Amino acid sequence: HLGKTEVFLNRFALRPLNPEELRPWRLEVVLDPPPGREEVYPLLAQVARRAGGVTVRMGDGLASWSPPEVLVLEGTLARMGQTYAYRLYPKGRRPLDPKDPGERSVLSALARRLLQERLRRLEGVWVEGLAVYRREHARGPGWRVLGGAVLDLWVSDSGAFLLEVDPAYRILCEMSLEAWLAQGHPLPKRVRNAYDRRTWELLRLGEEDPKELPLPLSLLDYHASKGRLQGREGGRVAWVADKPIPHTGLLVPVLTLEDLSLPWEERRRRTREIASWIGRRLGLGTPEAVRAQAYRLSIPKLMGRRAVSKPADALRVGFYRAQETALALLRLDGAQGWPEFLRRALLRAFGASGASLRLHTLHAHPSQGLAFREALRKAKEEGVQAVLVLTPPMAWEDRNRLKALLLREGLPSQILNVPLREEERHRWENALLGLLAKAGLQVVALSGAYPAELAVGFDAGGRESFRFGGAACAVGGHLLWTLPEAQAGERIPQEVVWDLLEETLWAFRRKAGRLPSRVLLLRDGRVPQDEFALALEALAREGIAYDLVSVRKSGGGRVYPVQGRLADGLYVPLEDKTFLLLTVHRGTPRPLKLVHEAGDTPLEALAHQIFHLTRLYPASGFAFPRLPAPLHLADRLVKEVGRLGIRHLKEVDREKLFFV
DNA sequence: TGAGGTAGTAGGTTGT
RNA sequence: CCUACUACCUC
Ligand SMILES: [Mg+2]
Ligand SMILES: [Mg+2]
Ligand SMILES: [Mg+2]
């Protein structure tokens, strides 16, 4: 199993803190008028920033790595109107212990402030936050592309600086939203006001006069009175958007699509060079790239009717559990009837599978109106389970409407763009897999022994002020989804998690004849304090064992091999109850960083299962998703519900995956 | 709307 | 940490 290797990650070990840095200067803060119980953290922190030097926040005070005699121990900070005045008092020096978690926390704070305060005063270039840009990758007429490392410098257990490096580019332009438009470039989709820092969604140009424009004063007079039209020359009008709003000599463009990924090996090179450079110029010593041992993991045994290397091959071999089913066709283009090949391809797959299938054809059209909805009612009534939609590229709005309409009839839909050709294999072969998943068929499954019988993933909606908390089970070592719950933010209500979970327990109970022994709980991103409290409590009582795991996409940094190829499916244990995974294999892989939040399973065992769940995804076809099937499924569910409403999911079978 | 990835651009979860 | 969108590559 454990085909052990050794690969170092994009971190670096540097000189151990000196005695002085272990004894930071302590200061006291006297801000009058006294802040509100609620207005402290953001204020008390902007006071340190104001105080100058490498100083951070120290609980109810400040802590510095700079002699008080070079700080601004008096001044006045302003936050949200009120102008409170501050006053620092030098109050000794307390020794800090890196061995302690709580103490080390502030030292690492100072260390980041150090890195920022010392990088800013280099003859180099910009320093946008944690970022740094040495050279220039390109300098076209109107745009400039500078390249950089994004950095972080913290303190370890032993008390030595740790410097994490990761190369990154930046697209910055000089020309105005007018000189750039006159230079001969199409209208951007994003603009940022040059008096402020707020941005807009540039909709069009205004066929109106600046001076004679009626504002809610005079348009050209507004920006004039505010002294914004000095040293410049406002051009023509422009309808920005949040309902339009007048605004082009004052606006600036946000370049993105207009006007290259770093090669895998050519990235680790620039990573070390930037390190040698940041330690040499900052007097932090010779960077010792931190290496770690990895483990090649067991290959997944994905199996249709017969074992298979990828879900797409399940089309010529057969499905894992194909039941009798009938699909439908909806052409929003000209012609009628299934294309010859899409039919041959389906009958073969269902031939192999052994189940019988009947292709239908909807002789209706959306434009008919309600006549159209009954065309569906009749289709469903005749036994149709899912419908393939051949239509030229639709608009987002028209797309959701049609999707939502069919769902209101209990018919998931897989869209496929009419400009189609037989030799576009991957295209329509995936279209079929996606249709079939939506129909309720289990394309492939996993052969093997896994610690948990049930695997559920939780995520959170998007868009509008509110989100949708949602989860989706995976019965036995078939997949299904549950009815989501609209919530205020990203934290999922404690009893909402439980109820969502309970549904998957009971789903499993329906499939097997018994409650699960053990469940694998996968939360997308960080797991807000105690959002799984009520959940894990219950599982305990009900005598079913568990494992919670933060699956984080960002923050896994990089991981390069000491020498040779980078193997697919590396298990890279890090600290305690936390490890990496490079679950996939053009650019440079971004490893997932998992964190065992509760349970007693060996990390090696979790990593194994998690990695295997990767290949369980139905509409994947010729490539597997980066995270586990359940977590990836919860993502899309949550996404589509938030996209086109929860109101439609009412009459939709939970075993049908409409969101894929 | 074939799907997966990584790579940009914004804006901003939770709990400092 | 996450929520989106856009562009390139790949089967
Ligand atoms: Mg999330
Ligand atoms: Mg997500
Ligand atoms: Mg799909």
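When the letters of the first sequence are read in order and numbered with the authors' numbering, they come out as residues 3 to 218, 221 to 246, 252 to 256, 258 to 269, 279 to 496, 500 to 607, 611 to 685. A virtual CB, placed ideally from N, CA and C, is assigned to each residue, including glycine.
Distance, Cα to Cα, residue i vs residue j?
i	j	result
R28	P506	50 Å
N449	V606	19 Å
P515	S645	31 Å
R679	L502	6 Å
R300	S160	23 Å
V494	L570	17 Å
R96	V72	19 Å
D246	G511	21 Å
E442	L361	12 Å
residue 248	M413	Residue numbering in the chain breaks between 246 and 252, and residue 248 falls inside that break, so it has no position here.
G77	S68	18 Å
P36	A87	9 Å
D168	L592	20 Å
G55	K618	34 Å
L604	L4	15 Å
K599	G624	10 Å
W145	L79	36 Å
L75	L124	25 Å
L454	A113	53 Å
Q509	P614	33 Å
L395	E428	7 Å
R440	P431	24 Å
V58	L153	18 Å
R482	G131	27 Å
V403	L588	46 Å
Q433	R418	11 Å
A140	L281	14 Å
residue 608	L366	Between 607 and 611 the numbering of the chain has a gap, and residue 608 falls inside it, with no coordinates.
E8	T639	23 Å
How far does the beta strand (DSSP E) with residue i in it extend, from its first residue to its last?
i	result
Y88	87-95
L602	601-604
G63	63-66
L409	403-409
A508	507-509
Kindly indicate the opening and closing residues of the alpha helix (DSSP H) around residue i.
i	result
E393	389-400
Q48	43-53
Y226	223-229
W283	283-299
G104	103-121
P37	Looking at the DSSP string, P37 is not in any alpha helix (DSSP H), and its letter there is neither H nor E.
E22	21-24
What is the C-beta distance between residue i and residue j, in whole angstroms, given that I count them as a contact (C-beta under 8 Å)?
i	j	result
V31	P100	About 25 Å separates the two Cβ atoms, so there is no contact after all.
residue 1	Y135	Because the chain here runs from 3 to 685, residue 1 falls outside it and cannot be looked at.
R513	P550	4 Å
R486	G667	7 Å
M60	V108	6 Å
residue 696	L376	Since the first residue of the chain shown is 3 and the last is 685, residue 696 is not available in this structure.
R540	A567	5 Å
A479	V663	6 Å
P616	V581	5 Å
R192	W243	About 14 Å separates the two Cβ atoms, so there is no contact after all.
With a Cβ-Cβ cutoff of 8 Å, do residue i and residue j count as a contact?
i	j	result
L451	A364	yes
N20	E166	no
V594	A311	yes
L421	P385	yes
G496	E472	yes
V685	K457	yes
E138	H187	no
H227	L221	no
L641	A654	yes
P306	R325	no
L265	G238	no
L98	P26	yes
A398	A347	yes
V462	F338	yes
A491	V475	yes
Consider the C-beta atom of residue i and the heavy atoms of ligand 4; say whether any pair is separated by less than 7 Å.
i	result
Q433	The ligand content of the structure shown is limited to ligand 1, ligand 2 and ligand 3, which means ligand 4 is not among them.
Which whole runs of the alpha helix (DSSP H) in the stretch 124-185 are 4 residues long or more, in chain order? Fully enclosed alpha helix (DSSP H) runs of 4 or longer: 181-184.
Can you list, in chain order, the stretches of the alpha helix (DSSP H) that have 4 or more residues and sit fully within the stretch 511-583? Listed in chain order, the complete alpha helix (DSSP H) runs (minimum 4 residues) inside the stretch 511-583 are 516-533, 555-563.
Which complete alpha helix (DSSP H) runs does the stretch 413-489 hold, if anything under 4 residues is left out? Complete alpha helix (DSSP H) runs here, min 4: 415-426, 444-458.
What runs of the beta strand (DSSP E), each 3 residues or longer, lie entirely inside the stretch 621-660? Whole beta strand (DSSP E) segments, 3+ residues: zero.
Within the stretch 317-376, note down every full beta strand (DSSP E) run reaching 3 residues or more, in order along the chain. Secondary structure remark: continuous beta strand (DSSP E) runs of at least 3 residues inside the stretch 317-376, in chain order: 344-350.
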